[PDB]
$ cat upload-v5.cif   # mmCIF, C-alpha atoms and all ligand atoms
data_target
#
loop_
_atom_site.label_atom_id
_atom_site.label_comp_id
_atom_site.auth_asym_id
_atom_site.auth_seq_id
_atom_site.Cartn_x
_atom_site.Cartn_y
_atom_site.Cartn_z
CA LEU P 14 9.45 13.78 -7.65
CA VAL P 15 8.67 10.02 -7.37
CA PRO P 16 6.88 8.08 -4.60
CA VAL P 17 8.21 7.10 -1.20
CA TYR P 18 7.74 3.42 -0.44
CA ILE P 19 7.90 2.70 3.29
CA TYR P 20 9.76 -0.56 3.69
CA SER P 21 12.47 -2.50 5.47
CA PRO P 22 12.91 -6.29 5.89
CA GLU P 23 12.46 -5.87 9.67
CA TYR P 24 9.23 -3.91 9.17
CA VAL P 25 7.82 -6.60 6.81
CA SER P 26 8.64 -9.51 9.26
CA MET P 27 6.96 -7.59 12.06
CA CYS P 28 3.80 -7.07 9.98
CA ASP P 29 3.82 -10.78 8.95
CA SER P 30 2.91 -11.95 12.49
CA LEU P 31 -0.80 -10.84 12.51
CA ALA P 32 -2.82 -14.10 12.49
CA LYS P 33 -5.66 -12.59 10.43
CA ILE P 34 -3.27 -11.95 7.50
CA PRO P 35 -0.10 -14.11 7.89
CA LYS P 36 2.77 -13.36 5.51
CA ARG P 37 0.51 -10.94 3.61
CA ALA P 38 3.05 -8.09 3.98
CA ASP P 39 5.80 -10.32 2.55
CA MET P 40 3.56 -11.43 -0.33
CA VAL P 41 2.66 -7.81 -1.09
CA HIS P 42 6.25 -6.59 -1.04
CA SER P 43 7.65 -9.62 -2.87
CA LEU P 44 5.25 -9.12 -5.81
CA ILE P 45 5.98 -5.38 -6.10
CA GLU P 46 9.68 -6.36 -5.92
CA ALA P 47 9.22 -9.01 -8.69
CA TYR P 48 7.66 -6.42 -11.06
CA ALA P 49 10.71 -4.30 -10.11
CA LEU P 50 8.49 -1.39 -8.99
CA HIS P 51 10.69 -0.63 -5.93
CA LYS P 52 13.37 0.51 -8.37
CA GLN P 53 11.15 3.37 -9.46
CA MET P 54 10.50 4.52 -5.87
CA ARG P 55 12.39 6.02 -2.93
CA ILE P 56 12.65 3.27 -0.29
CA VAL P 57 12.39 4.72 3.27
CA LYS P 58 12.97 2.77 6.52
CA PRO P 59 10.12 3.45 9.00
CA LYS P 60 10.75 4.93 12.46
CA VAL P 61 9.10 3.00 15.32
CA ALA P 62 6.50 5.35 16.88
CA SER P 63 7.26 6.90 20.26
CA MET P 64 4.79 6.79 23.15
CA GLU P 65 4.13 10.52 22.76
CA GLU P 66 3.53 10.04 19.04
CA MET P 67 1.01 7.29 19.77
CA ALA P 68 -0.44 9.38 22.66
CA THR P 69 -1.29 12.03 20.15
CA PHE P 70 -4.53 9.98 19.76
CA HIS P 71 -4.46 6.98 22.13
CA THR P 72 -4.86 7.35 25.91
CA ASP P 73 -1.86 6.56 28.08
CA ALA P 74 -3.94 3.97 29.95
CA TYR P 75 -4.65 2.04 26.76
CA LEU P 76 -1.07 2.23 25.52
CA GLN P 77 0.39 1.09 28.85
CA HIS P 78 -2.10 -1.73 29.10
CA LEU P 79 -1.27 -2.75 25.49
CA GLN P 80 2.46 -2.69 26.27
CA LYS P 81 2.07 -4.72 29.48
CA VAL P 82 -0.01 -7.47 27.90
CA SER P 83 2.56 -7.42 25.06
CA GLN P 84 5.02 -9.22 27.38
CA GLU P 85 4.28 -12.87 26.43
CA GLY P 86 1.01 -14.29 25.02
CA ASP P 87 -2.28 -13.63 26.83
CA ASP P 88 -6.06 -13.37 25.99
CA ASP P 89 -6.55 -14.04 29.75
CA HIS P 90 -5.90 -10.69 31.49
CA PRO P 91 -8.95 -9.32 33.42
CA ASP P 92 -8.74 -5.74 31.97
CA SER P 93 -8.18 -6.87 28.33
CA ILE P 94 -11.89 -7.08 27.43
CA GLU P 95 -12.63 -3.39 28.23
CA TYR P 96 -9.65 -2.33 26.10
CA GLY P 97 -11.14 -4.18 23.11
CA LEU P 98 -8.62 -7.01 23.37
CA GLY P 99 -9.90 -10.55 23.18
CA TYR P 100 -11.38 -12.50 20.32
CA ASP P 101 -11.43 -9.93 17.50
CA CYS P 102 -8.20 -8.32 18.70
CA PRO P 103 -6.31 -11.04 20.64
CA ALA P 104 -3.43 -9.86 22.79
CA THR P 105 -0.59 -12.07 21.50
CA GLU P 106 3.17 -11.77 22.22
CA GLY P 107 4.70 -8.59 20.75
CA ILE P 108 1.48 -6.88 19.54
CA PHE P 109 2.50 -3.56 21.07
CA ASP P 110 5.77 -3.46 19.13
CA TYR P 111 3.85 -4.53 15.99
CA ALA P 112 1.42 -1.68 16.60
CA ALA P 113 4.20 0.84 17.15
CA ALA P 114 5.91 -0.23 13.95
CA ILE P 115 2.78 0.34 11.84
CA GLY P 116 1.90 3.62 13.53
CA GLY P 117 5.52 4.65 13.12
CA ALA P 118 5.46 3.68 9.44
CA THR P 119 2.42 5.83 8.70
CA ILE P 120 3.87 8.74 10.65
CA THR P 121 7.10 8.41 8.63
CA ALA P 122 5.03 8.51 5.46
CA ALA P 123 3.24 11.68 6.61
CA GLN P 124 6.53 13.36 7.58
CA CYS P 125 7.99 12.64 4.14
CA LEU P 126 4.97 14.43 2.67
CA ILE P 127 5.29 17.53 4.90
CA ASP P 128 8.99 17.86 4.03
CA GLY P 129 8.20 18.03 0.26
CA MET P 130 10.21 14.84 -0.37
CA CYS P 131 7.31 13.35 -2.38
CA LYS P 132 3.70 13.88 -3.52
CA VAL P 133 2.77 10.26 -2.71
CA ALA P 134 4.00 8.05 0.15
CA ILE P 135 2.98 4.41 0.59
CA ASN P 136 2.49 2.13 3.59
CA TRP P 137 0.57 -0.95 2.42
CA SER P 138 0.76 -2.46 5.92
CA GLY P 139 -1.05 0.57 7.41
CA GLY P 140 -4.78 1.43 7.26
CA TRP P 141 -6.10 0.03 10.58
CA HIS P 142 -9.10 2.22 10.68
CA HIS P 143 -11.34 0.85 13.55
CA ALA P 144 -9.11 1.45 16.58
CA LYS P 145 -10.45 4.03 18.98
CA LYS P 146 -8.54 6.23 21.37
CA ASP P 147 -8.86 3.65 24.16
CA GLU P 148 -10.06 0.55 22.38
CA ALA P 149 -8.85 -2.08 19.95
CA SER P 150 -11.41 -3.07 17.35
CA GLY P 151 -11.76 -4.95 14.06
CA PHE P 152 -8.20 -6.32 14.13
CA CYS P 153 -6.89 -2.77 14.80
CA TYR P 154 -4.70 -2.32 17.90
CA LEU P 155 -3.78 1.21 16.91
CA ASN P 156 -5.31 3.69 14.49
CA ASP P 157 -2.32 4.52 12.27
CA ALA P 158 -4.53 6.40 9.80
CA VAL P 159 -5.46 8.84 12.60
CA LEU P 160 -1.79 9.15 13.64
CA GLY P 161 -0.94 10.02 9.99
CA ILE P 162 -3.66 12.66 9.77
CA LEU P 163 -2.55 14.25 13.07
CA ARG P 164 1.02 14.35 11.65
CA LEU P 165 -0.19 15.95 8.41
CA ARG P 166 -2.13 18.43 10.55
CA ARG P 167 1.19 20.15 11.36
CA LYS P 168 1.32 21.60 7.84
CA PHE P 169 -2.15 21.12 6.32
CA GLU P 170 -5.32 23.01 7.32
CA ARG P 171 -7.77 20.85 5.34
CA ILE P 172 -7.13 17.08 5.12
CA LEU P 173 -9.40 14.65 3.26
CA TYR P 174 -9.57 11.05 4.45
CA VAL P 175 -11.01 8.71 1.78
CA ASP P 176 -11.67 5.15 2.81
CA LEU P 177 -12.35 2.48 0.10
CA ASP P 178 -12.13 -0.53 2.37
CA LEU P 179 -15.21 -2.77 2.48
CA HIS P 180 -15.80 -1.67 6.10
CA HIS P 181 -16.82 1.77 7.41
CA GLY P 182 -13.85 3.85 8.55
CA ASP P 183 -15.55 4.37 11.93
CA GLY P 184 -12.49 4.94 14.13
CA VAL P 185 -11.10 7.68 11.89
CA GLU P 186 -14.52 9.27 11.45
CA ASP P 187 -15.19 9.36 15.20
CA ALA P 188 -11.70 10.76 15.90
CA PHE P 189 -12.49 13.77 13.75
CA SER P 190 -16.30 13.97 14.11
CA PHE P 191 -16.29 17.32 15.94
CA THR P 192 -13.80 19.14 13.65
CA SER P 193 -13.99 20.67 10.16
CA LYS P 194 -10.22 20.55 9.55
CA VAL P 195 -10.51 16.88 8.48
CA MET P 196 -13.28 15.58 6.20
CA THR P 197 -13.80 11.83 6.14
CA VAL P 198 -15.44 10.05 3.25
CA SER P 199 -16.19 6.34 3.47
CA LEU P 200 -17.64 4.00 0.86
CA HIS P 201 -18.54 0.66 2.49
CA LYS P 202 -21.03 -2.16 2.84
CA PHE P 203 -23.84 -1.02 5.12
CA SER P 204 -26.32 -3.76 6.00
CA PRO P 205 -27.70 -4.35 9.52
CA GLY P 206 -25.58 -7.22 10.91
CA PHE P 207 -22.43 -6.18 9.03
CA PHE P 208 -19.44 -4.85 10.98
CA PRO P 209 -19.22 -2.26 12.39
CA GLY P 210 -22.91 -1.31 11.89
CA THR P 211 -22.13 2.39 11.45
CA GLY P 212 -21.92 4.80 8.53
CA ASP P 213 -25.43 5.40 7.10
CA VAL P 214 -25.71 8.30 4.66
CA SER P 215 -27.34 10.32 7.49
CA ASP P 216 -24.21 10.13 9.64
CA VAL P 217 -22.61 13.51 8.88
CA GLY P 218 -20.53 14.27 11.97
CA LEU P 219 -21.38 16.28 15.07
CA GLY P 220 -21.10 19.79 16.49
CA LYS P 221 -18.59 21.98 14.67
CA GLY P 222 -17.84 18.96 12.43
CA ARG P 223 -21.44 18.66 11.18
CA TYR P 224 -21.45 17.83 7.39
CA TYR P 225 -17.68 17.07 7.45
CA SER P 226 -18.27 13.32 7.59
CA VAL P 227 -19.56 11.62 4.42
CA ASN P 228 -20.82 8.05 4.26
CA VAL P 229 -21.81 6.14 1.17
CA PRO P 230 -23.67 2.93 2.11
CA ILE P 231 -23.43 0.29 -0.63
CA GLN P 232 -24.91 -3.18 -0.99
CA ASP P 233 -23.37 -6.53 -2.02
CA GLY P 234 -22.44 -7.26 -5.60
CA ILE P 235 -21.12 -3.89 -6.78
CA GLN P 236 -18.75 -4.07 -9.73
CA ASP P 237 -16.19 -1.71 -11.15
CA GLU P 238 -18.09 0.72 -13.33
CA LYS P 239 -20.93 1.55 -10.97
CA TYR P 240 -18.54 1.80 -7.98
CA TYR P 241 -16.40 4.29 -9.89
CA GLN P 242 -19.49 6.22 -10.99
CA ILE P 243 -20.46 6.60 -7.30
CA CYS P 244 -16.95 7.34 -6.09
CA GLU P 245 -16.10 9.91 -8.79
CA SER P 246 -19.46 11.61 -8.26
CA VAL P 247 -19.07 11.95 -4.46
CA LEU P 248 -15.44 12.96 -4.67
CA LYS P 249 -16.17 15.62 -7.33
CA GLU P 250 -18.65 17.22 -4.95
CA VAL P 251 -16.26 16.81 -2.01
CA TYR P 252 -13.26 18.40 -3.77
CA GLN P 253 -15.37 21.39 -4.89
CA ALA P 254 -16.91 21.84 -1.43
CA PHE P 255 -13.94 21.17 0.87
CA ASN P 256 -10.89 22.06 -1.28
CA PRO P 257 -8.48 19.73 0.60
CA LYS P 258 -4.73 20.35 0.58
CA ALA P 259 -3.74 16.77 1.53
CA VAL P 260 -5.29 13.30 1.22
CA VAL P 261 -5.00 10.08 3.20
CA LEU P 262 -6.29 7.22 1.11
CA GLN P 263 -7.19 3.83 2.57
CA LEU P 264 -7.42 1.01 0.02
CA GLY P 265 -8.33 -2.20 1.85
CA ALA P 266 -8.58 -5.00 -0.72
CA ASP P 267 -11.50 -6.75 0.98
CA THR P 268 -13.78 -5.33 -1.75
CA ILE P 269 -12.13 -7.46 -4.45
CA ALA P 270 -13.80 -10.51 -6.01
CA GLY P 271 -12.57 -13.71 -4.38
CA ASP P 272 -12.38 -12.28 -0.83
CA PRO P 273 -13.87 -14.66 1.72
CA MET P 274 -16.05 -11.77 2.97
CA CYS P 275 -17.79 -12.37 -0.33
CA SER P 276 -19.49 -8.98 -0.41
CA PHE P 277 -18.43 -6.56 -3.14
CA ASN P 278 -17.34 -7.82 -6.57
CA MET P 279 -14.61 -5.41 -7.56
CA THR P 280 -11.38 -5.71 -9.41
CA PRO P 281 -8.23 -3.62 -8.93
CA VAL P 282 -8.98 -1.78 -12.22
CA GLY P 283 -12.06 -0.04 -10.80
CA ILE P 284 -10.33 0.88 -7.51
CA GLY P 285 -7.43 1.98 -9.69
CA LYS P 286 -9.65 4.51 -11.45
CA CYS P 287 -10.85 5.91 -8.08
CA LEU P 288 -7.17 6.21 -7.24
CA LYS P 289 -6.24 7.96 -10.58
CA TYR P 290 -9.07 10.40 -9.96
CA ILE P 291 -7.64 11.28 -6.51
CA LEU P 292 -4.08 11.57 -7.86
CA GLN P 293 -5.16 13.99 -10.66
CA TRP P 294 -5.64 16.58 -7.84
CA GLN P 295 -1.86 16.48 -7.38
CA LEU P 296 -1.99 16.86 -3.62
CA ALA P 297 0.23 15.37 -0.95
CA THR P 298 -1.19 11.81 -0.78
CA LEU P 299 -0.61 9.18 1.91
CA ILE P 300 -1.57 5.70 0.63
CA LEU P 301 -2.55 2.90 3.02
CA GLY P 302 -3.78 -0.68 2.76
CA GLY P 303 -6.26 -2.25 5.19
CA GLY P 304 -8.43 -5.36 4.89
CA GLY P 305 -7.90 -8.14 2.36
CA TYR P 306 -8.17 -11.82 3.23
CA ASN P 307 -7.48 -13.58 -0.06
CA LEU P 308 -3.77 -12.98 0.26
CA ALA P 309 -2.73 -13.43 -3.35
CA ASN P 310 -5.61 -11.18 -4.52
CA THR P 311 -4.61 -8.47 -2.04
CA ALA P 312 -1.01 -8.57 -3.32
CA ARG P 313 -2.35 -8.61 -6.88
CA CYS P 314 -4.41 -5.55 -6.09
CA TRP P 315 -1.86 -3.46 -4.23
CA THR P 316 0.88 -4.35 -6.75
CA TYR P 317 -1.44 -3.16 -9.52
CA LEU P 318 -2.25 0.04 -7.65
CA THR P 319 1.44 0.69 -7.12
CA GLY P 320 1.73 0.38 -10.89
CA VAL P 321 -0.95 3.03 -11.36
CA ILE P 322 0.79 5.35 -8.91
CA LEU P 323 3.90 5.03 -11.11
CA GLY P 324 1.97 5.36 -14.40
CA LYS P 325 3.06 1.85 -15.47
CA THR P 326 1.21 -0.97 -17.19
CA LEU P 327 2.22 -4.34 -15.80
CA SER P 328 2.75 -7.60 -17.62
CA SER P 329 -0.25 -9.86 -17.04
CA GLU P 330 2.11 -12.81 -16.33
CA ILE P 331 3.06 -13.13 -12.67
CA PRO P 332 6.87 -13.18 -12.38
CA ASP P 333 8.71 -15.99 -10.68
CA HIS P 334 9.49 -15.08 -7.06
CA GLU P 335 9.29 -16.69 -3.59
CA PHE P 336 5.46 -16.87 -3.57
CA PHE P 337 4.83 -17.66 -7.26
CA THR P 338 2.77 -20.79 -6.49
CA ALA P 339 0.14 -18.91 -4.41
CA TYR P 340 -0.94 -17.38 -7.74
CA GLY P 341 -1.89 -20.77 -9.20
CA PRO P 342 -3.44 -22.19 -11.18
CA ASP P 343 -3.56 -19.44 -13.84
CA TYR P 344 -0.71 -17.17 -12.55
CA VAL P 345 -2.12 -13.87 -13.90
CA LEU P 346 -2.43 -10.46 -12.23
CA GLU P 347 -5.99 -9.84 -13.47
CA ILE P 348 -8.94 -10.76 -11.28
CA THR P 349 -12.27 -11.88 -12.66
CA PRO P 350 -15.60 -10.86 -11.06
CA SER P 351 -17.85 -13.65 -9.73
CA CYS P 352 -21.26 -14.36 -11.35
CA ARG P 353 -23.15 -12.83 -8.50
CA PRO P 354 -25.97 -10.29 -8.66
CA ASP P 355 -25.46 -6.60 -7.97
CA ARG P 356 -27.97 -5.73 -5.22
CA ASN P 357 -27.61 -1.96 -5.63
CA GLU P 358 -30.80 -0.36 -7.04
CA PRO P 359 -29.97 2.79 -9.07
CA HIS P 360 -32.79 4.72 -7.26
CA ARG P 361 -31.21 4.20 -3.85
CA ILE P 362 -27.77 5.14 -5.12
CA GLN P 363 -29.20 8.31 -6.61
CA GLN P 364 -31.04 8.98 -3.29
CA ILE P 365 -27.72 8.60 -1.45
CA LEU P 366 -25.87 10.88 -3.87
CA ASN P 367 -28.52 13.58 -3.52
CA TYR P 368 -28.48 13.41 0.25
CA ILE P 369 -24.70 13.92 0.03
CA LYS P 370 -24.92 16.90 -2.39
CA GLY P 371 -27.41 18.39 0.05
CA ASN P 372 -25.05 17.92 3.00
CA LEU P 373 -22.09 19.40 1.14
CA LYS P 374 -23.96 22.62 0.34
CA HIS P 375 -23.44 23.45 4.01
CA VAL P 376 -19.63 23.12 3.84
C1 LIG R 401 -23.31 -4.80 13.94
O1 LIG R 401 -21.98 -5.05 13.48
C2 LIG R 401 -21.08 -5.16 14.50
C3 LIG R 401 -20.75 -4.07 15.33
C4 LIG R 401 -19.81 -4.22 16.36
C5 LIG R 401 -19.20 -5.47 16.55
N1 LIG R 401 -18.29 -5.89 17.42
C6 LIG R 401 -18.03 -7.18 17.19
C7 LIG R 401 -17.02 -8.05 17.98
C8 LIG R 401 -18.78 -7.64 16.11
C9 LIG R 401 -18.78 -9.05 15.49
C10 LIG R 401 -18.16 -9.01 14.09
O2 LIG R 401 -18.85 -8.87 13.08
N2 LIG R 401 -16.83 -9.15 14.13
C11 LIG R 401 -15.82 -9.18 13.02
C12 LIG R 401 -15.52 -7.79 12.42
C13 LIG R 401 -14.62 -7.92 11.17
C14 LIG R 401 -13.40 -7.00 11.13
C15 LIG R 401 -12.88 -6.79 9.70
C16 LIG R 401 -11.66 -5.86 9.67
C17 LIG R 401 -11.51 -5.09 8.33
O3 LIG R 401 -11.21 -5.65 7.27
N3 LIG R 401 -11.69 -3.79 8.44
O4 LIG R 401 -11.58 -2.96 7.37
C18 LIG R 401 -15.92 -10.31 11.94
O5 LIG R 401 -16.43 -10.18 10.82
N4 LIG R 401 -15.32 -11.42 12.29
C19 LIG R 401 -15.24 -12.59 11.40
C20 LIG R 401 -16.52 -13.06 10.66
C21 LIG R 401 -16.06 -14.29 9.86
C22 LIG R 401 -16.11 -14.59 8.49
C23 LIG R 401 -16.80 -13.81 7.54
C24 LIG R 401 -17.06 -12.45 7.71
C25 LIG R 401 -17.82 -11.74 6.78
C26 LIG R 401 -18.35 -12.38 5.66
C27 LIG R 401 -18.12 -13.75 5.49
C28 LIG R 401 -17.36 -14.45 6.43
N5 LIG R 401 -15.54 -15.80 8.31
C29 LIG R 401 -15.07 -16.26 9.49
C30 LIG R 401 -14.39 -17.40 9.86
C31 LIG R 401 -14.02 -17.60 11.19
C32 LIG R 401 -14.32 -16.68 12.19
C33 LIG R 401 -15.01 -15.54 11.82
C34 LIG R 401 -15.37 -15.33 10.48
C35 LIG R 401 -19.53 -6.55 15.72
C36 LIG R 401 -20.46 -6.40 14.69
K K R 402 -14.63 2.16 3.65
K K R 403 -14.72 15.57 10.39
ZN ZN R 404 -12.14 -4.21 5.81
#
$ encode --input "upload-v5.cif" --output "structure tokens"
Amino acid sequence: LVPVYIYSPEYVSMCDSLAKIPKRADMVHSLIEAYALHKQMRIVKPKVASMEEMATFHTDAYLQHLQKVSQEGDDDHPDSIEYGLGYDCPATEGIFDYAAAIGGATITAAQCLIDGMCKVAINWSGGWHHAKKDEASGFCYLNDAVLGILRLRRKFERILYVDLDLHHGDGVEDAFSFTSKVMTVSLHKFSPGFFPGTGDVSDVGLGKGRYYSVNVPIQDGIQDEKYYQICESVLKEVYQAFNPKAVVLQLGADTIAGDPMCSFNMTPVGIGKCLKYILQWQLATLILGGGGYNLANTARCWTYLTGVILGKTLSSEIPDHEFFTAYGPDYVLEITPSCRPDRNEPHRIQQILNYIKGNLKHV
């Protein structure tokens, strides 16, 4: 069938404004373009999200406030702080239109999937997983992952959200905590002091959604093989227990060695195997990005992962293109782990995995 790639030049410029990750969207797309991977995909222009589409999760008070403060720069408005705007999520000029573009893009991806137009749709500029119904958080003005899941919910009865960002997918988890129609699984750094402070293995959801949230708390220094071992093992148990008919996959590259968060020690090859394992299920799959603050490494990563979606092996040499020099001084696609210790004790990992098996026996 071949994958949908959500993209337009206007979309990319829009996504380039975010101060936490400037030009990252351009770098990501330009590298994929340079390896000519767009030629093997169906390019789809994203619809901007309508108010009612956004309101499917976000309160009208939040959206209106976000739109109002969008007019010109800000950070000063009296009501901004209660809506999560301010110093993590500053309310700059245009943010609302930026938010509506990314939400729209993820919704367009989901709609493609419902319509049978692909088995895999990609929005590398999506994945803003902390935003709550009435609150910005963790650089997320809008939870486009939730919007995507609520779009998929039109066709699919069981949706699996898998979140391989460094941070807990707390916003998406909370959104679906009370329901059993969407199971969330997050692998993330969990250490008191580390944002957002949620997602211990004992967090399983609430009410009718009890045991339909899965959290895998992991410590600094994890490298490819042991990460995959954990991820494959949890996902095996999840697929057998939950039998999902669609998957939203968040792949924030802030786990990759060289990220200034300096926490995990992964390469794109190990994430790539987690991804291959998900894609072997051959379900409708909505792929999203997320964190990633070494810009060249994030483009390296997501370009690689696009390669795995297409079943391609990529030349190790980085092709000449507009951003070639950001890949200096070695100009290769491969990333090398740091010489840092892995702080994950096998006994704790095995404890976590057992707790999770135990929880999933209820599903
Ligand atoms: C208990 O944990 C919690 C819970 C709720 C919280 N609310 C807030 C505002 C915070 C403070 C906080 O930690 N704020 C942010 C959250 C990061 C959002 C990442 C989005 C993502 O990728 N999601 O998937 C924070 O970490 N801010 C920056 C910390 C930081 C780093 C940094 C962060 C982690 C490791 C090394 C450096 N470098 C900086 C340079 C300049 C200014 C700030 C920094 C907070 C913490
Ligand atoms: K995560
Ligand atoms: K749930
Ligand atoms: Zn992150």
$ residues_near_ligand --input "upload-v5.cif" --ligand "ligand K 403 (chain R)" --cutoff "9 Å" --atoms "all atoms listed in the file" --output "VMD selection string"
chain P and resid 173 185 to 197 217 to 219 221 to 227
$ residues_near_ligand --input "upload-v5.cif" --ligand "ligand K 402 (chain R)" --cutoff "8 Å" --atoms "all atoms listed in the file" --output "PDB file with C-alpha atoms, keeping the file's coordinate frame"
ATOM      1  CA  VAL P 175     -11.010   8.710   1.780  1.00  0.00           C
ATOM      2  CA  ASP P 176     -11.670   5.150   2.810  1.00  0.00           C
ATOM      3  CA  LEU P 177     -12.350   2.480   0.100  1.00  0.00           C
ATOM      4  CA  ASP P 178     -12.130  -0.530   2.370  1.00  0.00           C
ATOM      5  CA  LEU P 179     -15.210  -2.770   2.480  1.00  0.00           C
ATOM      6  CA  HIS P 180     -15.800  -1.670   6.100  1.00  0.00           C
ATOM      7  CA  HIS P 181     -16.820   1.770   7.410  1.00  0.00           C
ATOM      8  CA  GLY P 182     -13.850   3.850   8.550  1.00  0.00           C
ATOM      9  CA  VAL P 198     -15.440  10.050   3.250  1.00  0.00           C
ATOM     10  CA  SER P 199     -16.190   6.340   3.470  1.00  0.00           C
ATOM     11  CA  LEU P 200     -17.640   4.000   0.860  1.00  0.00           C
ATOM     12  CA  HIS P 201     -18.540   0.660   2.490  1.00  0.00           C
ATOM     13  CA  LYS P 202     -21.030  -2.160   2.840  1.00  0.00           C
ATOM     14  CA  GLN P 263      -7.190   3.830   2.570  1.00  0.00           C
ATOM     15  CA  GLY P 265      -8.330  -2.200   1.850  1.00  0.00           C
TER      16      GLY P 265
END
$ atom_distance --input "upload-v5.cif" --atom1 "atom CA of residue 144 of chain P" --atom2 "atom CA of residue 124 of chain P"
21.6 Å
$ residues_near_ligand --input "upload-v5.cif" --ligand "ligand LIG 401 (chain R)" --cutoff "8 Å" --atoms "all atoms listed in the file" --output "count of residues only"
31
$ closest_residue --input "upload-v5.cif" --among "P:83, P:93, P:18, P:311" --to "residue 46 of chain P" --atoms "only C-alpha atoms"
P:18
$ build_atoms --input "upload-v5.cif" --residues "segment 222-234 of chain P" --atoms "N, CA and C atoms" --output "short mmCIF file (atom, residue, chain, number, x, y, z; two decimals), in the coordinates of the input"
data_model
loop_
_atom_site.label_atom_id
_atom_site.label_comp_id
_atom_site.auth_asym_id
_atom_site.auth_seq_id
_atom_site.Cartn_x
_atom_site.Cartn_y
_atom_site.Cartn_z
N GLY P 222 -18.08 19.85 13.56
CA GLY P 222 -17.84 18.96 12.43
C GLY P 222 -19.05 18.47 11.64
N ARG P 223 -20.23 19.00 11.94
CA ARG P 223 -21.44 18.66 11.18
C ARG P 223 -21.31 18.90 9.66
N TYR P 224 -21.63 17.88 8.86
CA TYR P 224 -21.45 17.83 7.39
C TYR P 224 -20.01 17.60 6.86
N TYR P 225 -19.07 17.38 7.78
CA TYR P 225 -17.68 17.07 7.45
C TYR P 225 -17.34 15.60 7.70
N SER P 226 -18.38 14.77 7.75
CA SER P 226 -18.27 13.32 7.59
C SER P 226 -19.27 12.88 6.50
N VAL P 227 -18.81 12.02 5.60
CA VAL P 227 -19.56 11.62 4.42
C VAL P 227 -19.52 10.11 4.40
N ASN P 228 -20.69 9.50 4.30
CA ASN P 228 -20.82 8.05 4.26
C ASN P 228 -21.68 7.63 3.11
N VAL P 229 -21.18 6.65 2.36
CA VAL P 229 -21.81 6.14 1.17
C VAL P 229 -22.08 4.64 1.37
N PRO P 230 -23.27 4.31 1.86
CA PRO P 230 -23.67 2.93 2.11
C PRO P 230 -24.02 2.17 0.82
N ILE P 231 -23.35 1.05 0.62
CA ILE P 231 -23.43 0.29 -0.63
C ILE P 231 -23.73 -1.14 -0.29
N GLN P 232 -24.49 -1.79 -1.16
CA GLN P 232 -24.91 -3.18 -0.99
C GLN P 232 -23.99 -4.16 -1.73
N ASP P 233 -24.13 -5.44 -1.39
CA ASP P 233 -23.37 -6.53 -2.02
C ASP P 233 -23.48 -6.50 -3.52
N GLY P 234 -22.42 -6.94 -4.19
CA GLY P 234 -22.44 -7.26 -5.60
C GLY P 234 -21.97 -6.16 -6.53
#
